[PDB]
Structures are given as C-alpha cells and as structure tokens.
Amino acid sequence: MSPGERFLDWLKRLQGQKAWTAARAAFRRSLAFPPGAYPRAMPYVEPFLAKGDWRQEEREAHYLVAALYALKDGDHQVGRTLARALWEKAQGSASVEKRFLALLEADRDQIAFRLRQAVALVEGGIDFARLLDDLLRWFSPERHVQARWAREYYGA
C-alpha cells in the first residue's frame, strides 16, 4: 500500500469505532488551527505516525488530511481526485478555476489554507488516499504533483 492508502485504512477503522464521534470532533475542530497544532487530535494520529519515520512536514500532511476527511464525514471516493472534483465544481462557476490555479501555486505558508478551502468548495467525496500521497510530495522541486493535478483538471 501507499502512505495514503495506509492512512485511509486507519481513518476508516477509526470511523468504524465508538471513538469516532470524539475523533471526528477533534479532527473537525483542528481545521481552525495549523495542521499538527491541535492537541486533542494528536491521540488519534500519533499512534499511526509512530509506525513509521516522518519529517514534521509529513506529520502535518497526515493531520490536515484527517481534518479534511472529517469535514467530508469520511466520504472517500476512490478515483475522484480533488482536481477532478474542482473541475466539476468549475462548470457551474468559472471563478473556481482561479482558485484551482492558486492552489497549484500555493507554497508552504498557503497550502493548508487553500487545501481546506478547496475541499470545502467541492461537492461530494474525494480520494483521500491520493490526497495524502500528493500532499506528501507537494514540495518536490519538480512540482510533479501540481503538473499531474493540472492534467487531471483539464483532462476531465
């Protein structure tokens, strides 16, 4: 499995437990703070991160995805990437495309905010496994993830 698929399994397992209500509450509330900076969400993510070796930016990626997953009430739709979901949303609103481009152009200080805004903007579920795999590689000098998102958007 990929890091994204592994984390998705973890989130799905959590959502199936009685502790979900509390977990969702923590993840949802964490959207008001920088990823990885909300204490109550930590007990629900650290046990997972402990199984691997991560850099701070990578831990933050997991926290942000958990928060966005909760925002969408765990509606994971394999194959429906955020880029594709944004294209669908843009058909009814041309301005959505400018938000999409700004998302692709976001740097370390803008990505968390713009990603939360983009997920909140689209209708329905998205692929949270691919979302994490992509966020984890977002800062590659090549910007290959960004180019692929553009491919998915204009390809739709």
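Just count from 1 along the sequence shown to find any residue number.
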{"query": "Greater mean Cα temperature factor according to the PDB record, 12-20 or 134-142", "finding": "12-20"}
{"query": "Greater mean Cα temperature factor according to the PDB record, 85-93 or 31-39", "finding": "85-93"}
{"query": "Out of 121, 106, 115, 26, highest CA B-factor residue", "finding": "106"}
{"query": "Selection by C-alpha B-factor (highest) of 54, 69, 44, 100", "finding": "54"}
{"query": "For residue 153, the third of its chain into which the C-alpha B factor falls", "finding": "middle"}
{"query": "Residue 126, C-alpha B-factor rank within chain (lowest, middle or highest third)", "finding": "middle"}
{"query": "Residue 61 - Cα temperature factor, lowest/middle/highest third of chain", "finding": "lowest"}
